[PDB]
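Structure assessment
Take a look at the letters that make up each chain.
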Amino acid sequence: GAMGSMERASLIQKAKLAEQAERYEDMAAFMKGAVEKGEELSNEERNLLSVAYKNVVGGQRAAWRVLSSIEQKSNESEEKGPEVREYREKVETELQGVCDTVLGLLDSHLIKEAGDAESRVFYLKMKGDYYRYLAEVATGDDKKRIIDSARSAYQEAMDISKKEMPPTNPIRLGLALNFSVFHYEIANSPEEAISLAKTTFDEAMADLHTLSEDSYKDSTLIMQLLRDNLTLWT
Amino acid sequence: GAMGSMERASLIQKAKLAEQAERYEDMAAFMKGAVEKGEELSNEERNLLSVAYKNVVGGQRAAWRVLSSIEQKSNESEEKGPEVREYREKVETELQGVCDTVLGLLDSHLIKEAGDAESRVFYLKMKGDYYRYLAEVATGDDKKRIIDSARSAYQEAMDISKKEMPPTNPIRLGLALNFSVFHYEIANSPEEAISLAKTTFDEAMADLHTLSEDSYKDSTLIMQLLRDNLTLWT
Amino acid sequence: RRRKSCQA
Amino acid sequence: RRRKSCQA
Ligand SMILES: *Cc1ccc(C(=O)N(C)CCS*)cc1Br
Ligand SMILES: *Cc1ccc(C(=O)N(C)CCS*)cc1Br
Ligand SMILES: [Cl-]
Ligand SMILES: [Cl-]
Ligand SMILES: [Mg+2]
Ligand SMILES: [Mg+2]
Ligand SMILES: [Mg+2]
Ligand SMILES: [Mg+2]
Ligand SMILES: [Mg+2]
Ligand SMILES: [Mg+2]
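About the criteria used
- Residues numbered from 1 in each chain as written, not as in the entry; some residues may be left out.
- Chains lettered and ligands numbered in written order.
- Heavy atoms only, no water.
- Residues with missing side-chain atoms left out of burial classes, pairs and counts.
- UniProt positions renumbered as here; feature names shortened; annotations may be inferred.
- Near = heavy atom within 4 Å.
- Areas by Shrake-Rupley, 256 points an atom, 1.4 Å probe, with all protein chains shown as cover.
- Nonpolar A, V, L, I, M, F, W, Y, C, P; charged D, E, K, R; others polar.
- Contact = heavy atoms within 4.5 Å.
- Helix = DSSP H or I, 4+ residues; strand = E, 2+ residues; numbered from the N terminus.
- Least-squares fit on C-alpha atoms.
- Expected span 1.5 Å × (residues − 1).
- Buried < 20%, exposed > 50% of the residue type's maximum accessible area, 1.4 Å probe, protein only.
- Polar contact = N/O pair within 3.5 Å; in protein donor to acceptor, adjacent residues only side chain to side chain.
- Core = buried A, V, L, I, M, F, W, Y, C linked by side-chain atoms within 4.5 Å.
- Donors = N, O, S within 2.8 Å, 3.2 Å for Na, K, Ca; no water.
- Axes fitted to C-alpha atoms, helices over the stretch in contact; angles between N-to-C directions.
- Parallel < 35°, antiparallel > 145°, perpendicular 65-115°, else oblique.

- Chain A is annotated in the PDB entry as 14-3-3 protein sigma of Homo sapiens.
- Per UniProt, chain A has the following entry under Sequence similarities: "Belongs to the 14-3-3 family."

Structure representation (structure tokens):
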């Protein structure tokens, strides 16, 4: 694409500069260019890809929620015309485009070349996340299939992570956190969400004794997010 | 442009929605479309135009400062290649484009149709601001002319505001605040900056007795910004 | 209080 | 502490 003429290493360097400057759209464009070079990504590069797109889509999701709230109130109210719906639809279409872009990178060809557990689980978690973001805005006849695509990606990631990673591994923990959120607020399964968060937390607790001080800090940080959700949900 | 097919009132409505959603790039595009309808702007519409572009350019300026700092440190240091300069230049060019867009709207044709003091001073202040932002990044042979363009716009705004507005008027106060910053950090005239801030503050203080409670709150808020700068600079 | 997902 | 200009 527009990054085809830039060296892979320069794209990575510029993605890191864009992160420092809080230019997340640029960051994502640089990392998309890096992925499209066709080589596998290192751990650090996968993290840069994730940070970039999660910030871009996070801004879109927050804006969509503001606009959706205004639209819902308008349908309680004076007729103000089509503008609120039109603008919510504009933001929604942009958000869906970003999700489709990330899913396209995962399908062409990040997932199929990812053989180590850490990379494969990471990419499958990402796939579940971006289908989950599509599900947040889906209202039509494909909503069930979008939800099932998220579930299927998360489930494959969970199966690999349980077999190949320790219960304190940060990717395993972040995956479980996000799949639990999927259950709670996408799949209408709050009991499954709570069970998954509690079991994940307790199994990580029992494995903390094996860790260095730095790994302990990494794992306990995510465990606290699981606890935050359990406190909110119970 | 791309907004030529949307009704003026719908552009204004969507600009307000974009503000609520913190979508300032969309906000600015909507307000540019509204200006290009060719009608004069109301007080509220001028404020929407200002908010939109100040947020867009503010993000660019903050990113430029981060990148410029990194570049300066690199020129103390290992050779890392052209990437830092290239990316700082990319952000700089985008910033200059936004400034040129705003200046273009002011020249075609907001300023020439603005006859009331409140609108004319507001637009001339804006013109000074966007030349000031160009001056922040200027390093070449036009830097002196860019600085003089900012000075000239601010000076015309000051002359009108002194003749036609009370010393507590928020536009007069915000203009003086920004012109004082221009003196301090663009024109290398800290004494002029301090004198302007002090005289503006003291003349506003003396006129507060004429104001309602709500106008008093409006004016004292800006007076505090002048005081903040005086405390920093003295 | 919004529920947490994996961010930073 | 960064100097103030007219913002919000
Ligand atoms: C996929 C993923 C898992 C874990 C992290 C992480 O260590 N965090 C502290 C973020 C909260 S889960 C990041 C990512 Br991306
Ligand atoms: C041009 C301008 C003047 C004054 C205000 C204002 O009342 N503020 C509170 C912002 C700080 S000066 C806004 C604008 Br735009
Ligand atoms: Cl729209
Ligand atoms: Cl670049
Ligand atoms: Mg190469
Ligand atoms: Mg491989
Ligand atoms: Mg293993
Ligand atoms: Mg019309
Ligand atoms: Mg007129
Ligand atoms: Mg008057």
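**Concerning the site of ligand 1**
- Taken together, the residues surrounding ligand 1 are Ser 50, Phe 122, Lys 125, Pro 170, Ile 171, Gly 174, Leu 221, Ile 222 and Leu 225 of chain A together with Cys 6 and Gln 7 of chain C.
- Bordering ligand 1 are residues originating from chains A and C.
- Here ligand 1 loses 79% of its free accessible area of 410 Å² to cover by the protein chains.
- Counted by class, the shell around ligand 1 contains seven nonpolar, three polar and one charged residues.

**Focus on the interface of chain B and chain A**
- Taken together, the contact pairs 23 residues of chain B with 23 residues of chain A.
- For the side of chain B that touches chain A, the secondary-structure elements that each account for two or more residues are α1 (8–20), α2 (24–36), α3 (43–74) and α4 (83–113) of chain B.
- The dominant element in the side of chain B that touches chain A, judged by the number of residues it contributes, is α4 of chain B, at seven residues.

**Topic: the relation of the copies chain B and chain A**
- Least-squares fitting of chain B to chain A yields an RMSD of 0.0 Å, with the superposition described by an axial translation of 0.0 Å and a rotation of 180°. The symmetry that links the two subunits is that of a two-fold axis. Considering only C-alpha atoms, the residue of chain B closest to the rotation axis is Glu 25 of chain B, which sits at 6.2 Å.
- Interface overlap between copies is the fraction of interface residues in one copy that are interface residues in the other; for chain B against chain A it reaches 100%, indicating a shared surface.

**Concerning the site of ligand 2**
- Surrounding ligand 2, one finds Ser 50, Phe 122, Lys 125, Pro 170, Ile 171, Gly 174, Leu 221, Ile 222 and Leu 225 of chain B together with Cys 6 and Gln 7 of chain D.
- One finds residues of chains B and D in close proximity to ligand 2.
- Alone, ligand 2 offers 410 Å² of accessible surface; in the complex the protein occludes 79% of this.
- At the level of elements, α5 (117–137), α7 (170–186) and α9 (213–233) of chain B are the ones that each hand at least two residues to the shell around ligand 2.

**Looking at helix α7 (residues 170–186) of chain A**
Residue and element names in this part refer to chain A.
- Compared with the 24 Å implied by 1.5 Å per residue over 17 residues, the 23 Å span of α7 between its first and last C-alpha is a close match.
- In terms of residue burial, α7 counts as a mostly covered element, since 14 of its 17 residues are buried.
- Where α7 begins, one side-chain oxygen reaches toward the backbone nitrogen of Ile 171, 2.8 Å away; that side chain belongs to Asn 169.

**A short note on the nonpolar core**
- Judged by nonpolar contacts, the single largest core of 128 residues is most densely connected at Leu 49, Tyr 123 and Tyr 130 of chain A together with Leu 49, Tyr 123 and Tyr 130 of chain B.
- In this structure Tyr 130 of chain A touches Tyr 53, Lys 54, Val 57, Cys 99, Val 102 and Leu 103 of chain A, once residues within four positions along its chain are discounted.

**Quick look at the arrangement of the chains**
- When the three pairs of chains in contact are ranked by number of contacts, first place goes to chains A and B.
- Across the gap from chain A to chain D, with no contact made, the nearest C-alpha atoms are 17 Å apart.
- Looking at chain C next to chain D, you find no contact at all, with the nearest C-alpha pair sitting 26 Å apart.

**A word on the coordination of the magnesium ion (ligand 6)**
- Protein-derived coordination of the magnesium ion (ligand 6) comes from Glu 40 of chain A (OE), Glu 40 of chain A (OE) and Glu 113 of chain A (O), at a distance range of 2.3 to 2.6 Å.
- Overall, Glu 113 of chain A belongs to the partly exposed group, its relative accessible area being 48%.

**Regarding the packing of helix α3 (residues 43–74) of chain A against helix α5 (residues 117–137) of chain A**
All names here are of chain A.
- Running from N to C, α3 and α5 point in directions that differ by 10°, and their axes come no closer than 12 Å. Compared by their axis directions, α3 and α5 come out roughly parallel. Facing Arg 46, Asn 47, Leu 49, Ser 50, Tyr 53, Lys 54, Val 57, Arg 61 and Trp 64 of α3, the residues of α5 in contact are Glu 118, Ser 119, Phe 122, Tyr 123, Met 126, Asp 129, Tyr 130, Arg 132, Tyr 133, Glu 136 and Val 137.
- Residue composition of the contact of α3 with α5, grouped by class: 10 nonpolar, three polar and seven charged.

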